[PDB]
Structure formats: C-alpha cells, structure tokens
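These notes are about the structure you will find just below.
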Amino acid sequence: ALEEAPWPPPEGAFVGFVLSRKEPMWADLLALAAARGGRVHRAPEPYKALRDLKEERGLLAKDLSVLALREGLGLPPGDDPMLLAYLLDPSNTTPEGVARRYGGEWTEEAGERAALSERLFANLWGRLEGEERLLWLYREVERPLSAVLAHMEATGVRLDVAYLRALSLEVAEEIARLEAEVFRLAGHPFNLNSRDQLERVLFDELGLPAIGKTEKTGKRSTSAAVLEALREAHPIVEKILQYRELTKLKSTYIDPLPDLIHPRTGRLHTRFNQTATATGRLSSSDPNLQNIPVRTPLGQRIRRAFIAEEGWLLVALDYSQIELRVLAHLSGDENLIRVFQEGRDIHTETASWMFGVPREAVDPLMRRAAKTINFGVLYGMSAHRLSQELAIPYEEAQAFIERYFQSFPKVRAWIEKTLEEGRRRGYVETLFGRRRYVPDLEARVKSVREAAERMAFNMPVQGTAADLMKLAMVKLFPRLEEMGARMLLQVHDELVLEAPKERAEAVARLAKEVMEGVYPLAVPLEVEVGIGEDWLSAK
DNA sequence: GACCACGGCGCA
DNA sequence: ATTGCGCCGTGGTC
Ligand SMILES: Nc1ncnc2c1ncn2[C@H]1CC[C@@H](COP(=O)(O)OP(=O)(O)OP(=O)(O)O)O1
Ligand SMILES: [Mg+2]
Ligand SMILES: [Mg+2]
C-alpha cells in the first residue's frame with residue numbers, strides 16, 4: 001500500500017525525521033523523509049533535504065522546525081497530529097501513545113514516521129469533524145502557537161556563566177559549613193542527601209517525633225514541611241533546612257545551567273512542550289526554565305543570571321491575579337468581578353491578614369506567601385493543612401476558608417455545576433472549550449473521587465488562563481517581529497521578551513496591551529510589566 | 001552507562 | 001483534602 005519515490009516530495013507532504021537525541025537544538029538530523037499520496041520520499045542527505053521543505057507538517061513538527069531555524073532555515077511548523085490528539089484528549093502527550101491509539105506504531109525509521117504522520121493526521125482530523133470549538137483552538141491557537149514556540153526555542157536566552165561558575169564555589173563552602181554542623185549535632189557523618197539515612201537519624205538516633213509518612217512506601221517523611229514542624233525540637237533541623245535549600249539550588253541550577261550553553265549561540269535553549277499537560281499549559285523540558293528560582297535570596301541571585309544581549313533589555317510581562325480573574329468570569333460571581341472592577345488585589349488582602357500588617361505594608365515576599373494560600377484554599381486545601389501551614393489553630397484556618405468562599409458565593413456554585421456536568425459528560429472544559437477527561441468523577445472510593453473532583457474543577461480555571469496566554473502569544477508574536485523584538489520565555493502567565501534598548505519601552509507598551517486585550521472578559525485583565533538587564537530586574 | 005520509582009522541591 | 005509541571009540524588013536494577 002506504500003510505494004517509494006526519489007526524495008523530491010510534492011508540496012504539502014507529511015515529514016518524518018530521526019534525531020540523535022530529543023533536544024532539537026542539540027540533535028543530529030540522522031534521517032528525513034516525507035509521505036504524500038500513497039508514496040514516501042526518503043531524502044539521501046537530510047540537512048541538504050531540509051532546504052527543500054516549505055513547511056514542516058507532521059508528528060513533532062515544531063521540533064524539526066526548531067532544528068531548521070538553528071541551521072539557518074525559516075521552515076515554519078504546520079499541521080501536527082499530536083496537536084489534534086492533544087485537543088481531543090490532553091492525555092495524548094507522546095507520539096508512541098498517539099500512534100498506538102490512532103493508527104500505527106512510532107518506530108525509528110523516518111519513512112515510517114512520514115507515513116505515520118500522514119495517516120495519523122487523516123484519522124485524527126476526521127475525529128475532529130464537527131468539533132468546532134476544538135478546531136477553533138487548533139487553527140487559531142495551537143497550530144500557529146507551535147511556530148511561535150519554534151522561534152522561542154531556537155532564539156534561546158542569554159546566561160551569565162561566569163556569574164554562576166563563581167556563585168557555585170561560594171555556595172559550595174556554605175553547604176560544607178552546614179553539613180559539617182549537621183554531622184556534629186548527629187554525632188557522626190552520613191549521606192545527608194539520603195532521605196533514608198536522615199530518617200533514621202532524626203527519628204531513631206535522636207528522639208524527634210515523626211510528623212507524617214511518605215505516600216508509596218510509608219516511610220517517616222523528612223519533608224521541609226515535616227522539618228519545619230520540628231525546627232524548634234532540635235538544633236539540627238534548621239541546619240538541614242538550609243542544606244536542603246542550597247543543595248537543591250546548586251545541583252538544579254547553579255551547576256547544570258552553565259553546561260547547557262549552546263556553542264553556536266552562547267545561549268540557553270529550553271524546549272517548550274505543547275502536548276504535555278492535562279489542563280492545556282505548556283511545560284518546559286530539558287532546560288526547564290519555568291521553575292527558575294525567585295523566592296529566596298539565593299534564588300534571586302540565580303535569577304539575576306538570566307540577562308539580555310549587549311544593547312538589549314529583557315521585558316517581563318505577567319498577568320495580575322490571573323486565575324482569580326478567570327474564576328470571576330467562569331463563575332460569574334458578583335462580589336468577585338467587582339473586586340477587580342474596584343482595583344483590589346486578593347493576594348495583598350490575604351497577606352495583610354496573614355502577617356497582621358496594613359495592606360500598604362505587604363512586601364512581595366509576603367504577597368507571594370499569600371498566593372499559595374488563596375489558590376491552595378480555592379482549589380481544595382483542608383483546614384488541617386491550612387492551620388498547620390499558617391501555623392494557626394485549626395479553627396481560625398477553618399474560619400478563613402469559611403469566609404473566603406462565603407465572600408464569593410458564586411464560586412462554590414460554579415464548582416458544583418462544573419462537577420455535575422463533568423460527571424454526566426465525563427469531562428470538563430475551558431472557556432474556549434479545551435477538554436480534560438476525568439472519569440474518576442464517579443469512582444466509588446471517596447478518596448479517589450474527591451481527588452478527581454479537585455483535578456476537575458481546577459482544569460477550566462487553570463486551562464482558561466492557559467488558552468488566554470497562548471492566544472496572546474499568537475497575537476503578540478508577529479507584532480514583535482516587525483518591531484525587531486524577541487519572545488524568549490513563557491511561564492504560564494508570564495512572558496519574557498528581549499527588545500533592543502532603543503525599543504524596549506515601545507515593546508513593553510505594545511505587549512502589555514496585546515496581553516490585557518487578548519480576549520475581553522467580565523473582568524479586565526491587568527498585566528504588570530517590567531524592563532531591566534536581567535530577569536530579576538524586569539519582574 | 002542508561003533507566004526507574006520515590007521522596008523532595010524548584011516554579012506557575 | 002490545593003492544582004499543574006520537570007529535575008535531582010538515592011537505591012536498586014540491567
Ligand atoms: N500554588 C499555586 N497553586 C495553584 N495554582 C497556582 C499556584 N500559584 C499560582 N497558581 C496559578 C494561578 C495563577 C497562575 C500564575 O501564577 P502567579 O504566581 O503569577 O500568580 P498570579 O495569581 O497570576 O499573580 P501575580 O503574582 O503574577 O500578580 O498559576
Ligand atoms: Mg501572574
Ligand atoms: Mg507569573
């Protein structure tokens with residue numbers, strides 16, 4: 001059923017390629033082929049072959065396109081069945097699975113990936129027949145978004161390697177200073193990075209009362225949370241909390257990053273995974289630049305490492321109280337939509353309450369803490385964990401939650417209806433109609449069911465802010481090109497741009513606008529914007 | 001080496 | 001009884 005023709009593929013053919021590794025920016029293009037009609041074309045020289053394609057359409061289009069950009073080609077990504085499958089069911093996140101479920105086998109031969117892409121696209125496109133809302137998301141958001149992501153990936157972001165190189169030697173000494181103490185207090189050395197070894201030390205050798213257990217193996221958890229509950233029980237606990245901090249940071253960022261610099265660009269090249277989340281958010285892989293530190297002083301010193309190119313400036317844009325604004329529009333709650341019409345800030349209001357200080361006294365590090373409290377509580381946190389969390393009585397934590405939802409009467413109502421129809425329909429969806437199947441909404445085990453429910457009503461809110469960000473990226477990108485500006489990073493509701501100093505102002509102004517007016521809601525969408533030579537100074 | 005489950009923990 | 005992610009060592013394979 002499949003014939004073979006000489007390389008030169010007819011326009012609009014489905015590409016198939018094989019990389020030496022999963023990272024497009026570092027991969028060697030080992031094989032390139034294409035499938036169209038009922039024939040398949042294998043390119044004798046892939047790199048040379050790339051020059052002929054006009055569009056990379058097929059399985060993992062964005063990745064091949066990223067490699068193209070890296071090589072000097074402007075080959076934009078087109079149709080990609082993965083995107084179609086991701087829209088039908090966000091649990092379709094890998095080609096292997098998409099293939100086994102929709103019509104084939106993900107192999108290692110380019111010709112086969114080409115044939116596979118064609119038929120997968122044929123089958124998946126049919127399944128979308130009549131899914132107007134999903135087709136809208138595909139052609140108006142995803143497909144075009146993939147191209148934006150390609151440019152972002154190949155563009156990359158600059159890092160101060162010398163800065164981290166030296167920061168490492170410094171932290172190396174503090175870590176040593178902390179472990180050396182931990183051992184003194186324990187009366188003997190042991191692998192502090194070993195959770196099992198530390199467990200025995202705290203709970204058996206010393207007599208510290210265990211607080212909780214681990215999920216799959218029932219060990220006495222040694223969590224930061226457990227450790228904070230014991231901070232005053234013994235001097236060793238605080239030291240271990242600082243060791244945990246430094247080592248987490250040093251081995252996850254300070255050391256790995258400097259070695260991820262690409263030779264040809266001198267920049268860090270993250271990957272932006274478009275079909276990896278159940279709610280519609282993107283994920284940042286290999287270099288994951290979506291979880292760069294920002295909470296602690298050492299975290300900030302690390303964020304300061306992300307810098308603009310000489311003669312440029314980074315522009316950081318971030319939606320204010322994003323998911324709360326989305327919630328007001330989804331729930332349609334009176335008091336909540338008014339909160340925003342009145343210019344209030346829930347995070348600041350909660351922070352004022354938490355630290356018993358006047359609103360105008362809340363610093364950013366207090367407001368942050370407030371955020372995990374508001375979203376934690378909104379999405380289901382228990383009084384128990386709340387009380388433990390804020391270190392307050394169980395009652396006052398129970399009161400905080402009582403008023404919180406009582407203040408926004410429509411929220412709980414919306415949640416219920418979201419859950420009701422999630423039960424009957426078997427899935428919940430976003431404003432734009434992004435679907436997430438939550439079968440466990442009818443599990444007979446309370447534990448499982450309620451866990452399903454929390455996953456279910458969070459999806460429309462989280463997923464709607466995602467559609468929103470993606471849409472804004474699709475609208476903003478072209479404007480930046482014509483303006484000679486770059487879109488470097490996306491952090492769920494934030495965007496990091498790099499604009500020429502002469503234009504930094506004008507770019508910030510334009511982006512903030514595109515973002516706030518992306519899709520008008522029952523509430524305005526505010527965007528805090530910052531400009532500076534490093535990511536930290538921007539935000 | 002390469003990979004995996006876990007417990008942990010960085011961010012949104 | 002927060003949700004959604006990806007990456008790091010440790011232990012234990014293969
Ligand atoms: N801990 C959490 N749990 C659940 N959802 C959370 C969350 N933290 C954030 N989100 C979701 C909801 C918000 C969204 C983006 O995170 P930002 O930190 O930006 O919080 P934003 O509310 O937008 O306020 P801004 O500080 O920027 O003014 O991710
Ligand atoms: Mg925000
Ligand atoms: Mg943010």
Side-chain angles (χ1 to χ4, degrees), chain A residues 90 93 190-199 212-227 240-241 243-257 260 270-273 276-296 298-300 302-303 318-319 321-323 327 368 371-389 397-398 401 404 415 428 436 438 446-463 465-466 469 489-495 535 539:
Chain A
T93 65
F190 62 102
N191 181 3
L192 226 190
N193 300 313
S194 177
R195 74 154 306 293
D196 294 330
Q197 285 179 50
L198 176 62
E199 192 190 337
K213 314 295 294 303
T214 65
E215 232 287 345
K216 276 74 200 313
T217 55
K219 298 186 181 64
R220 292 164 294 177
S221 182
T222 54
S223 298
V226 171
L227 293 178
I240 298 173
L241 281 176
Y243 177 84
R244 282 293 185 64
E245 175 176 351
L246 304 192
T247 56
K248 174 63 178 179
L249 289 179
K250 184 174 186 299
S251 61
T252 302
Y253 314 101
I254 300 179
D255 294 317
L257 296 179
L260 269 31
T270 282
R271 302 179 56 187
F272 286 101
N273 310 303
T277 292
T279 63
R281 310 226 292 203
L282 301 173
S283 83
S284 177
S285 170
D286 295 358
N288 171 12
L289 294 180
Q290 282 185 165
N291 72 152
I292 294 304
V294 64
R295 277 178 47 272
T296 69
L298 180 63
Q300 277 160 48
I302 295 178
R303 176 157 296 213
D318 182 340
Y319 285 101
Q321 302 172 269
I322 188 63
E323 283 179 53
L327 179 61
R368 272 212 51 168
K371 290 193 289 180
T372 158
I373 297 304
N374 285 314
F375 292 132
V377 171
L378 193 217
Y379 295 133
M381 170 180 290
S382 66
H384 180 186
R385 183 174 184 176
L386 200 188
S387 61
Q388 171 185 59
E389 205 67 71
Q398 190 179 178
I401 295 181
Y404 183 119
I415 293 183
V428 286
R436 178 184 179 182
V438 187
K446 181 190 287 58
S447 176
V448 176
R449 184 178 59 265
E450 305 195 310
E453 311 189 316
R454 291 192 293 279
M455 303 182 186
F457 79 79
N458 164 283
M459 188 278 178
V461 193
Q462 194 182 83
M469 184 72 289
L489 309 169
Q490 181 266 42
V491 187
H492 306 104
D493 81 316
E494 174 185 5
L495 282 178
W535 197 350
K539 302 278 278 66

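In what follows, every chain begins at residue 1, and chains take the letters A, B, ... in the order their sequences are listed. Computed from heavy atoms alone, side chains included, the values below leave out hydrogens, waters and symmetry copies.
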Nearest-Å distance for atom pair CG/P, residues A:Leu192 and C:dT10: 10 Å

Any A:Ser283 side-chain N or O less than 4.0 Å from OP1/OP2 of C:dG4: no

Phosphate OP1/OP2 of C:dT2 contacted by A:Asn458 side-chain N/O (<4.0 Å): no

Nearest-Å distance for atom pair CD1/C1', residues A:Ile240 and B:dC9: 16 Å

Residue-phosphate contact under 4.0 Å: A:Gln290 side-chain N/O, C:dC7 OP1/OP2: no

Summary of salt bridge (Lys or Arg N to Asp or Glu O under 4.0 Å) pairs that have at least one residue in residues 213-225 of chain A, sequence neighbours excluded: A:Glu199-A:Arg220, A:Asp204-A:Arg220

Nearest-0.5 Å distance, OG1 of residue A:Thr270 to CG of residue A:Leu289: 2.5 Å

A:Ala278 side chain, from C-beta outward: closest of C:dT10, B:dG10, C:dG4: C:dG4

C:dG4: north vs south, judged on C1'-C2'-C3'-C4': north

Side chain to side chain donor-acceptor pair (under 3.5 Å) partner of A:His492, chosen from A:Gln462, A:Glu323, A:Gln290: A:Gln290

Sugar-phosphate, base or nothing in reach of A:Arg436, heavy atoms under 4.0 Å: sugar-phosphate

Pucker family that the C1'-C2'-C3'-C4' torsion assigns to C:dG12: south

Touch class at under 4.0 angstrom, heavy-atom based, for A:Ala466 against every strand present: nothing

Proximity to the side chain of A:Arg454 - top-ranked nucleotide from B:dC11, B:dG10, C:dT3: C:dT3

Taking only N/O atoms, report every protein-nucleotides 6-8 of chain B pair under 3.5 Å with atom names and distance.
| residue | atom | partner | partner atom | Å |
| --- | --- | --- | --- | --- |
| B:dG7 | OP1 | A:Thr214 | OG1 | 2.8 |
| B:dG7 | OP1 | A:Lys216 | N | 3.2 |
| B:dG7 | OP1 | A:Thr217 | N | 3.0 |
| B:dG7 | OP1 | A:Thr217 | OG1 | 2.7 |
| B:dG7 | OP2 | A:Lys216 | N | 3.4 |
| B:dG7 | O3' | A:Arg195 | NE | 2.6 |
| B:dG8 | OP1 | A:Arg195 | NE | 3.1 |
| B:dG8 | OP1 | A:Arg195 | NH2 | 3.1 |
| B:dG8 | OP1 | A:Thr222 | N | 2.4 |
| B:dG8 | OP1 | A:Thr222 | OG1 | 2.5 |
| B:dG8 | OP2 | A:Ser221 | OG | 2.9 |
| B:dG8 | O3' | A:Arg244 | NH1 | 3.4 |
| B:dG8 | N2 | A:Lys248 | NZ | 3.1 |

Whole-Å gap separating P (B:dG10) and CD (A:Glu494): 18 Å

Inter-residue atom distance A:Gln398.CD - A:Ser382.OG, 0.5 Å rounding: 10.5 Å

Selection from C:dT3, C:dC5, B:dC11 that lies nearest to any side-chain heavy atom of A:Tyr379: C:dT3

Side-chain donor/acceptor of A:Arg385 to base of C:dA1, under 3.5 Å: no

Any A:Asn191 side-chain N or O less than 4.0 Å from OP1/OP2 of C:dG9: no

Protein-nucleotide distance (A:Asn291, atom CG; B:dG10, atom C1'), rounded to Å: 5 Å

Residues A:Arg385, A:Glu389: salt bridge by 4.0 Å N-O rule: yes

Value in whole Å for how far the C1' atom of C:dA1 lies from CD of A:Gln398: 14 Å

Sugar-phosphate, base or nothing in reach of A:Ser284, heavy atoms under 4.0 Å: sugar-phosphate

Whole-Å gap separating P (C:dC5) and CD (A:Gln490): 14 Å

Minimum-distance nucleotide to A:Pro256 side chain [options: C:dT3, C:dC8, B:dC11]: C:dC8

Nucleotide nearest A:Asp286 (side chain, heavy atoms from C-beta), chosen from C:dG4, C:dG11, C:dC7: C:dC7

Integer-rounded Å distance: B:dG10 P and A:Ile254 CD1: 13 Å

For A:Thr247, all residues meeting side-chain contact (heavy atoms from CB on, under 4.5 Å), sequence neighbours excluded: A:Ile175, A:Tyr243

Under the salt bridge (charged side-chain N to carboxylate O under 4.0 Å, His left out) test, residues paired with A:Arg436 that sit two or more places apart: none

Sugar-phosphate, base or nothing in reach of A:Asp196, heavy atoms under 4.0 Å: nothing

Residues that A:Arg449 engages under salt bridge (charged side-chain N to carboxylate O under 4.0 Å, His left out), provided they are two or more places apart: none

For A:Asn291, all residues meeting side-chain contact (heavy atoms from CB on, under 4.5 Å), sequence neighbours excluded: A:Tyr253, A:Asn288

Gap between atoms OH and P, on A:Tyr319 and B:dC11 respectively (whole Å): 23 Å

Closest to side chain of A:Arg295, choosing from B:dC11, C:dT3, C:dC8: B:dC11

C:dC5 sugar pucker (north/south) via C1'-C2'-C3'-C4': north

Phosphate OP1/OP2 of C:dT2: any A:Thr372 side-chain N/O under 4.0 Å: no

